[PDB]
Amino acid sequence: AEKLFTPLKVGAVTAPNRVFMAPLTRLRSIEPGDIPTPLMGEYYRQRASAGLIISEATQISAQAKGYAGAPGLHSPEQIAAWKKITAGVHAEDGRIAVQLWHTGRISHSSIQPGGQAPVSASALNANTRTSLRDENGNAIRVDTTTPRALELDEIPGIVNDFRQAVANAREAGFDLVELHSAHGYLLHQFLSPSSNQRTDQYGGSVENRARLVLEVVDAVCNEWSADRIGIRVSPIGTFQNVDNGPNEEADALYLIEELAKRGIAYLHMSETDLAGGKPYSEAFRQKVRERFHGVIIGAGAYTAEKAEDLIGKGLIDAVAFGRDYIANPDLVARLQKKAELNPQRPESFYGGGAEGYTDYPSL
């Protein structure tokens, strides 16, 4: 029997199905101000039949910015714009979480406050690219700037920025928040020994490496409620040159046991980047499942059939689809009916306007 189209309690909200829209950076916000737009509102409204929409990654602060065109949730103007977007999703009977990030070293000095180097756990270049805008406003890929290591006394400010962004998110009408602790961004930069060479209380042992993300979790649970908080992790494998170190499984299980103590709404596991990699072992999935007592969302080149299999095995609760949600606003109906999926147009994933954004048809 199919379970994808059955309801699921996700902390404080109830999803009517298990087909979630993964967080998808689309880089269509207004500059100056990193302001969401009515076009973005239309895009999200089109996808409101998702069991849960998880927004594009959204800055907690101006310092958090690493991509031209990515929205923020730190300014009054951003709060006002997001309020209209969440109202539109709710008018269509949807549910929407905001994914909150700090990009850390995956950034460029030209888009940082004061034109300064971005920050990270350690002063190590990401050795990758980010997306800026050229003089005509078009997306361009540019090598990342070498970061400055955060001073110990700057850490409380980072925690406060997450806390403040969650206050703002609650005000803006989001149903949940997802902390971006994956994919080589700031929280993951602290988690991974490959990017964290600190020798203070925020590096070294796994307890120290997870310290920042757990302080953030505690701060945001206190600001709102634990049943409003999810977290995305990518703790097995390599993502944007950030591996998970030489004890990745044990370190992941430590973090997950710690997260379970807070009673948070969900754990969202990004299992692979677009280039793929070794699948999660069923033993690992079992170890995660016995340790965490909230919703588990799986993501990364899923099919509906794989999601059904893992839901049936009692190992995950929901699936997040990324690219299929870019191209199929009514992905839920298509998967329910076994309809074909619209052809994807990758050239318009990042930047631009309505074309390749709001022009993918429903059935």
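Throughout, we count residues from 1 along the sequence that is shown. C-alpha atoms forming the largest set that superposes within 1.5 Å between two forms make up the rigid core.
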Next on the checklist: I'd like to know which segment deviates more from the shown structure in 6 other deposited structures of this protein: 113-121 or 272-280, using C-alpha RMS over all structures and residues after a core fit.
Outcome noted: 272-280
Checklist entry - Which has higher Cα B-factors on average according to the PDB entry: 21-29 or 7-15? => result 7-15
Item to check | Mean Cα B-factor comparison, 150-158 or 78-86, giving the higher one as deposited | outcome: 150-158
Item to check | Per the PDB entry, maximal CA B factor within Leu100, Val213, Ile140, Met269 | outcome: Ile140
Checklist outcome for this item: The largest CA temperature factor among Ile264, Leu73, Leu124, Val119 is found at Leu124
Next on the checklist: Please place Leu39 in the lowest, middle or highest third of its chain according to the CA B-factor in the PDB entry.
Outcome noted: middle
Checklist entry - Comparing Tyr202 with the other modelled residues of its chain, is its CA B-factor in the lowest, middle or highest third? => result highest
Checklist entry - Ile311: which third of its chain by C-alpha temperature factor? => result highest
Item to check | Third assignment of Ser194 from its chain's C-alpha B-factors | outcome: highest
Checklist entry - Of the three thirds of its chain by CA temperature factor, lowest, middle or highest, which one includes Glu290? => result highest
